[PDB]
Amino acid sequence: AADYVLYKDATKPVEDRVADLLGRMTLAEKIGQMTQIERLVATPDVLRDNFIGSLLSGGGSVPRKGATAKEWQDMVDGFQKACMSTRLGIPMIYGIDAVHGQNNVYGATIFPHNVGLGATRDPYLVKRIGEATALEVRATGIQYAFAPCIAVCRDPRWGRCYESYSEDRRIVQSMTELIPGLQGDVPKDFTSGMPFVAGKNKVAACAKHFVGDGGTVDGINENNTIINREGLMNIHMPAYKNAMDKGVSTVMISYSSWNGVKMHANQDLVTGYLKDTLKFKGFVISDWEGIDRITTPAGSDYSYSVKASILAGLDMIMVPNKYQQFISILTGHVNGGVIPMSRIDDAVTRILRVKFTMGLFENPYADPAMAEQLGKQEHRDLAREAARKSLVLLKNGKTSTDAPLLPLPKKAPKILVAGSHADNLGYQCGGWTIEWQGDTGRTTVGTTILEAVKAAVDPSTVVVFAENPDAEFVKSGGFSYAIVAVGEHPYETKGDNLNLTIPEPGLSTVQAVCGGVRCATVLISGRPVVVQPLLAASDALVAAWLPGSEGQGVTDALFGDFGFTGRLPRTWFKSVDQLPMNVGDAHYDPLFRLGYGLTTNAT
Ligand SMILES: O=[N+]([O-])c1ccc(O[C@@H]2O[C@@H](CO)[C@H](O)[C@H](S[C@@H]3O[C@H](CO)[C@@H](O)[C@H](O)[C@H]3O)[C@@H]2O)cc1
Ligand SMILES: *[C@@H]1O[C@H](CO)[C@@H](O)[C@H](O)[C@H]1NC(C)=O
Ligand SMILES: *[C@@H]1O[C@H](CO)[C@@H](O)[C@H](O)[C@H]1NC(C)=O
């Protein structure tokens with residue numbers, strides 16, 4: 001009728017709908033679009049009264065423990081209903097850290113972390129993982145994933161090194177194939193820097209964290225990256241350009257500084273480079289209290305935090321709790337002329353562009369028929385192939401005369417499975433699983449290394465498990481061989497670690513097991529760790545990284561259903577004193593060099 005409103009018409013071009021809606025919006029409605037809050041502070045009134053643009057779940061932020069896909073859909077729809085009830089009916093976009101599957105969610109397939117995926121050197125495999133991740137995120141009603149982390153981790157003492165595909169940026173550039181797996185492939189004619197999401201079975205992606213998050217002094221998390229423009233652009237920047245080419249919808253800014261300038265206050269890189277040089281037309285989102293941490297101490301001048309972050313070019317602020325202050329402050333800056341309306345309009349233009357482009361206005365609500373995508377066996381089978389492909393065989397016999405231990409026989413009278421990471425799902429998934437920091441034990445649905453062994457061996461093979469057996473026990477047990485798994489515990493800044501040695505017992509358990517019977521040692525870690533002692537005791541040793549929920553990918557290789565193919569995506573140091581040390585360096589003296597990995601052939 002004459003109740004027609006251009007921005008609500010799905011046949012109209014995105015830029016028409018964006019401009020039509022933007023011309024109608026009040027200041028409050030505009031700033032609301034720029035505000036992202038945690039589900040923990042949201043209520044229908046808050047969402048409606050403040051015209052909120054977006055929600056998130058931080059790590060561990062879930063409706064309840066063990067919630068079904070359907071409980072997620074209902075929570076998200078409940079928030080969306082409040083948002084759709086505003087004067088303009090602008091849907092919110094809900095974001096989450098699905099960085100190795102839909103990992104906050106119980107029952108979600110958990111894929112290997114990025115470092116392991118780098119070991120595969122298989123970008124098409126990563127793409128398929130994006131495809132399946134998008135499905136399992138839409139199964140929970142969520143439209144936006146805070147991924148990929150395209151950091152180039154240059155020092156493994158960084159607690160986020162596992163979120164980086166490689167110390168080699170060419171590998172990270174290749175693994176940006178995740179983006180079109182999450183979002184869908186961009187059309188033939190596509191302009192680089194334009195945002196793209198194919199539709200309601202895909203999600204918006206987020207290249208993060210812009211820029212040089214992985215190059216900090218001593219891999220200190222959130223800290224200063226001391227490098228010149230040329231090293232920034234040759235190492236830390238290039239995968240942003242690949243992400244622009246594949247239409248990444250959003251970019252999250254790093255807590256990190258670049259030669260002393262806070263990334264969240266850096267107008268030259270955010271506005272001059274990312275928006276004006278790379279022609280990025282999606283939206284730029286802060287990290288979590290990122291603008292607060294512009295100041296030292298953090299939060300000591302939130303007024304400036306706002307002024308500086310928004311003038312730097314940021315479009316959406318992940319507040320995520322003190323939304324009232326954020327809105328008040330930004331509103332006052334605008335009313336006072338300190339931030340021009342053109343800046344507000346650009347931020348909102350970009351946010352609305354992404355929302356319209358992705359089809360959010362046409363499908364703001366969850367699809368219940370997708371709930372059955374969560375944990376889907378076909379996704380688990382993919383995760384299992386990824387886990388197996390990620391594994392790097394570092395040693396396969398103690399001397400060059402020895403018989404090669406791997407592949408092991410599936411038939412033997414009695415075998416031993418041992419070690420703190422043999423039967424502990426949380427440990428094999430690592431951080432960003434169920435909780436922010438990950439956790440210990442049976443935290444979700446999956447298969448431990450022990451369970452995978454039992455599942456793989458001949459019915460006549462007796463499998464004995466002991467977490468930390470003594471030497472006498474192993475020597476007395478009549479075992480044909482042993483598989484022993486040990487490593488790091490799940491862990492941002494909690495995983496910053498100057499000494500990089502796995503915790504005990506670990507070494508002691510390996511030494512006790514391998515001293516009694518021939519052993520294959522499975523090392524679970526997010527990064528290289530001091531390994532010479534583990535090597536010296538072990539007949540075979542596998543770097544398994546953080547393989548996720550499908551522990552059968554480990555045994556597929558151990559028992560020779562598949563050959564080992566993975567190759568180090570990072571340099572394995574002899575000593576932490578050497579660090580930082582990357583391929584190309586001055587005195588490149590690696591225990592194992594980038595690219596290294598032994599092979600086997602399938603039996
Ligand atoms: O106890 N406190 O007061 C407290 C303080 C800070 C905390 O830190 C916060 O806690 C988690 C929840 O507890 C959050 O998920 C984030 S993550 C940061 O957040 C984004 C969104 O999740 C990710 O995409 C980015 O890649 C990442 O760099 C944050 O670092 C937690 C608790
Ligand atoms: C880096 O960490 C040091 C030591 O904790 C701290 O004093 C400094 O302010 C940090 N720098 C940046 C840029 O975050
Ligand atoms: C695996 O196959 C290749 C070539 O066929 C060979 O060079 C390598 O030594 C093989 N290993 C075994 C156990 O046959």
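Atoms within a ligand are numbered from 1 in the order they appear, just like the ligands themselves. The basis for the numbers below is simple: all heavy atoms, side chains too, and nothing from hydrogens, waters or symmetry mates. If you read the sequence from its start, that first residue is 1, and numbering goes on from there.
- Within a 4.0 Å radius of atom 14 (O) of ligand 3, the protein contributes one or more non-hydrogen atoms.
- The protein heavy atom nearest to atom 8 (C) of ligand 3 is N601 ND2, 3.7 Å.
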Just the distances, no angles: every ligand 1 N or O to protein N or O pair closer than 3.5 Å, one line each.
{"residue": "ligand 1", "atom": "15 (O)", "partner": "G59", "partner atom": "N", "Å": "2.6"}
{"residue": "ligand 1", "atom": "19 (O)", "partner": "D287", "partner atom": "OD1", "Å": "3.2"}
{"residue": "ligand 1", "atom": "22 (O)", "partner": "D97", "partner atom": "OD2", "Å": "2.4"}
{"residue": "ligand 1", "atom": "24 (O)", "partner": "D97", "partner atom": "OD1", "Å": "2.6"}
{"residue": "ligand 1", "atom": "24 (O)", "partner": "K208", "partner atom": "NZ", "Å": "3.2"}
{"residue": "ligand 1", "atom": "26 (O)", "partner": "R160", "partner atom": "NH2", "Å": "3.0"}
{"residue": "ligand 1", "atom": "26 (O)", "partner": "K208", "partner atom": "NZ", "Å": "3.0"}
{"residue": "ligand 1", "atom": "26 (O)", "partner": "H209", "partner atom": "NE2", "Å": "2.6"}
{"residue": "ligand 1", "atom": "28 (O)", "partner": "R160", "partner atom": "NH1", "Å": "2.7"}
{"residue": "ligand 1", "atom": "28 (O)", "partner": "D287", "partner atom": "OD1", "Å": "3.1"}
{"residue": "ligand 1", "atom": "28 (O)", "partner": "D287", "partner atom": "OD2", "Å": "2.7"}
{"residue": "ligand 1", "atom": "28 (O)", "partner": "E492", "partner atom": "OE1", "Å": "3.2"}
{"residue": "ligand 1", "atom": "30 (O)", "partner": "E492", "partner atom": "OE1", "Å": "3.0"}
{"residue": "ligand 1", "atom": "30 (O)", "partner": "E492", "partner atom": "OE2", "Å": "3.4"}

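- For the side chain to side chain contact (heavy atoms under 4.5 Å, CB included) test with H264, the passing option among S254, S305, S286 is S286; the others fail.
- Put simply, atom 5 (O) of ligand 2 has no protein non-hydrogen atoms near it, under 4.0 Å away.
- Both tests hold for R293 against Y255: distance to the six-membered ring centre under 6.0 Å, angle to the ring axis within 45°.
- The 12-atom threshold is exceeded at NZ of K389, counting heavy atoms of other residues, nucleotides or ligands nearer than 6.0 Å.
- The minimum heavy-atom distance between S164 and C153, with the atom names listed, is OG-N, 3.0 Å.
- Atom 2 (O) of ligand 3 is flagged as protein-proximal [any protein heavy atom, distance under 4.0 Å].
- Residues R353 and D315 are not paired through a salt bridge, judged by the lack of any N-O separation under 4.0 Å between the basic side chain and the carboxylate.
- At the shortest separation from atom 12 (C) of ligand 2 among protein heavy atoms lies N223 ND2, 3.4 Å.
- In summary, the atoms of ligand 2 found under 4.0 Å from a heavy atom of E222, numbered by their order in the structure, are 14 (O).
- Of the charged side-chain nitrogens involved, at least one lies within less than 4.0 Å of a carboxylate oxygen, so that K410 and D561 count as a salt-bridged pair.
- For the pair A205 and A147, the tightest heavy-atom approach, listed with the atom from each and the gap, is CB-O, 3.4 Å.
- The atoms of ligand 2 that sit less than 4.0 Å from any heavy atom of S257 are 13 (C).
- Paired with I31 under the rule side chain to side chain contact (heavy atoms under 4.5 Å, CB included), one option of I310, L330, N50 passes, and it is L330.
- Electrostatic pairing of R154 and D168 does not count as a salt bridge here, judged by no charged N lying under 4.0 Å from a carboxylate O.
- Salt-bridge annotation for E167 and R570: present, with a side-chain N of the basic residue lying under 4.0 Å from a carboxylate O of the acidic one.
- Taking a distance limit of 4.0 Å, we find that atom 10 (C) of ligand 3 is approached by some protein heavy atom.
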